[PDB]
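Right, one structure below, let's go through it.
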Protein chains: 20
Amino acid sequence: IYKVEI
Amino acid sequence: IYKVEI
Amino acid sequence: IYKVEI
Amino acid sequence: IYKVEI
Amino acid sequence: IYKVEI
Amino acid sequence: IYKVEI
Amino acid sequence: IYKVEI
Amino acid sequence: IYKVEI
Amino acid sequence: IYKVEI
Amino acid sequence: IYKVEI
Amino acid sequence: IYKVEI
Amino acid sequence: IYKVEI
Amino acid sequence: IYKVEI
Amino acid sequence: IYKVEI
Amino acid sequence: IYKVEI
Amino acid sequence: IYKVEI
Amino acid sequence: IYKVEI
Amino acid sequence: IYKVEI
Amino acid sequence: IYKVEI
Amino acid sequence: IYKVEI
């Protein structure tokens, strides 16, 4: 599970 | 701006 | 399952 | 703007 | 199942 | 503008 | 089943 | 700006 | 598990 | 600015 | 002026 | 499906 | 799916 | 002026 | 998925 | 002026 | 994932 | 002026 | 992950 | 003016 955010 | 994935 | 958003 | 997928 | 939206 | 599909 | 809309 | 992953 | 952030 | 990892 | 396409 | 407009 | 606009 | 694409 | 804008 | 991409 | 901006 | 990338 | 800025 | 990288 992951999240990337800019 | 984001991506979430399980 | 995933979500991408701009 | 988004995409959601299960 | 999915949804794409602009 | 969208597409939904099951 | 699906729906597309503009 | 970040990334989180398990 | 990890997190990176700027 | 950081990184954390287990 | 635009084009939209699914 | 598409639409173009000027 | 896409949109281009001027 | 823009382009968006999924 | 992407967006470009001027 | 920008570009965003996932 | 990335963003470039001027 | 910047670029961000994960 | 990185960021460059001017 | 800077660059940060993990």
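Numbering starts fresh at 1 for the residues of each chain in the structure tokens, the chains themselves are lettered A, B, ... in the order given, and ligands are numbered from 1 as they appear.
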| task | Restrict the distance test to only C-alpha atoms, flag each residue of chain P within 12 Å of chain A, and return the flagged residues as a ChimeraX atom specification. | result | /P:4-6
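Secondary structure of chain K, strand (DSSP E) only (DSSP, backbone atoms): residues 2, 3, 4 and 5 of chain K.
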